[PDB]
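The chain below stands alone and is given in structure tokens; this is the form deposited in one PDB entry.
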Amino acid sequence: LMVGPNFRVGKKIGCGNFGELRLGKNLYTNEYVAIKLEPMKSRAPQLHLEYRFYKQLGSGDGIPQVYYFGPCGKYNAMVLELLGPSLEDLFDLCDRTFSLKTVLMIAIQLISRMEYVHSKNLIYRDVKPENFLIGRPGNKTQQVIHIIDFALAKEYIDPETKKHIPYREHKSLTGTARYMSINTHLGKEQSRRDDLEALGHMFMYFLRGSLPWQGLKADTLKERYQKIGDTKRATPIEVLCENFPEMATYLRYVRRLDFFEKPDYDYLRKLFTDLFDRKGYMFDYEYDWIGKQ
């Protein structure tokens, strides 16, 4: 099982949106890589569109490099830069709470990461801790929070018109229920606001250890999502964000954005960098997980 001229496929490492994950090696360069495989027989093929989105991003900071897309036996394969553990993995290592300092270092970076994605005319639509990975150990980039898995992304600027996509409502909801915006639950088309709201939910998950809508079950997926959305609507921001005034300010701001509105990314960063400085924290990448296995 080679992918392309030069990538050897090795052991299983994980799962993502519309594909499975192996360690690989570029034999020509003696460098390890990650390989996502999607069965060619897939009823709902997502890997090639994902490849196109990575190419549209180029590389910015925290964007994994993509090396190859092509067939591999009965699979389509995409070869990516190998990264380190996800924020969910690191959260588990840290007993499922992060310090304010760690959350702020994450948040400052991910506001910028999302601004970059939005600058390439994409919305992300799959915010979750499993999709944010540090770099590799002893790598120049173990400190950097990367974004992966663009299978659910969407162009929000139509390349034909150069205009923002129109507002509309949808039957099917995109993304992870725990983090999605309130408007996502209501079947609205997602836009830039929704990515930033989902980040806010994720930040609060890290600070609190959990979100209050986590334990909800139902007989249908639709009912489950409805109950989660209902709890999000029913939970005041001042309650969710007790003890974190700046998070309350962030969440209120993003929840109140118009569908078409460009977020004030500078404002949101400044909420958090002003807080960071006021607390006497140093931006030294000494996250909670440093010095753990």
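Shifts are known only where both forms have a C-alpha. Residue numbers here begin at 1 and follow the sequence given. We call the rigid core the largest set of C-alpha positions that still match within 1.5 Å between the two forms.
Undergrad: How about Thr273: is it missing in a third or more of the other compared entries?
TA: Per the records, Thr273 is modelled in all the other entries.
Undergrad: For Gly24, record whether it is unmodelled in at least a third of the other compared entries of this protein.
TA: Negative; every one of those entries includes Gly24.
Undergrad: Which is higher on average in the deposited entry, the C-alpha temperature factors of 18-26 or of 273-281?
TA: Comparing 18-26 with 273-281, the higher mean C-alpha B-factor belongs to 18-26.
Undergrad: Quick check on the record: does 254-262 or 46-54 carry the larger mean Cα temperature factor?
TA: 46-54 has the higher mean C-alpha B-factor.
Undergrad: Comparing recorded Cα B-factors across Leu221, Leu100, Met204, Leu122, which one is largest?
TA: Max CA B-factor in the entry, restricted to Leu221, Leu100, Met204, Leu122: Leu221.
Undergrad: Check the PDB entry and point out which of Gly138, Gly200, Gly175, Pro85 has the largest C-alpha temperature factor.
TA: Of the candidates given, the C-alpha B-factor peaks at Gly138.
Undergrad: Divide the modelled residues of the chain into thirds by Cα B-factor and specify which third, lowest, middle or highest, holds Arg192.
TA: Its C-alpha B-factor belongs to the lowest third of this chain's values.
Undergrad: Mind checking which third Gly209 falls in for C-alpha B-factor across the chain?
TA: Middle third.
Undergrad: Comparing against every modelled residue in the chain, figure out the third that the C-alpha B-factor of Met78 lands in (lowest, middle or highest).
TA: According to the entry, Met78 has a C-alpha B-factor in the chain's middle third.
Undergrad: Comparing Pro166 with the other modelled residues of its chain, is its CA B-factor in the lowest, middle or highest third?
TA: Middle third by C-alpha B-factor.
Undergrad: Check where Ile145 lands among this chain's C-alpha B-factors and tell me if it's the lowest, middle or highest third.
TA: Lowest third, going by the recorded CA B-factors of the chain.
There is another form of the same protein, the form deposited in another entry; it is not shown, and what comes next is about it.
Undergrad: Does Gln214 show a Cα shift reaching 2 Å between this form and the one not shown after rigid-core superposition?
TA: No: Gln214 shifts by under 2 Å between this form and the one not shown.
Undergrad: After superposing the rigid core, is the C-alpha displacement of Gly14 2 Å or more between this form and the one not shown?
TA: Shift at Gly14: 2 Å or more after core fit.
Undergrad: Once you overlay the rigid core, does the Cα of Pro159 travel 2 Å or further between this form and the one not shown?
TA: Superposed on the core, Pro159 moves its C-alpha less than 2 Å between this form and the one not shown.
Undergrad: Note whether the distance between the C-alpha atoms of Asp158 and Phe18 decreases (closer) or increases (farther) in that other deposited form, against the displayed form; the change is 3 Å or more.
TA: Relative to this form, farther apart in that other deposited form.
Undergrad: Look at the CA atoms of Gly10 and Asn17: state whether they lie closer or farther apart in that other deposited form than in this form, given a difference of 3 Å or more.
TA: Result: closer.
Undergrad: Do any runs of 3 or more residues shift their CA by 2 Å or more between this form and the one not shown on a core fit, and if so, which ones, in sequence order?
TA: Segments displaced between this form and the one not shown after core fit: 14-19, 137-139.
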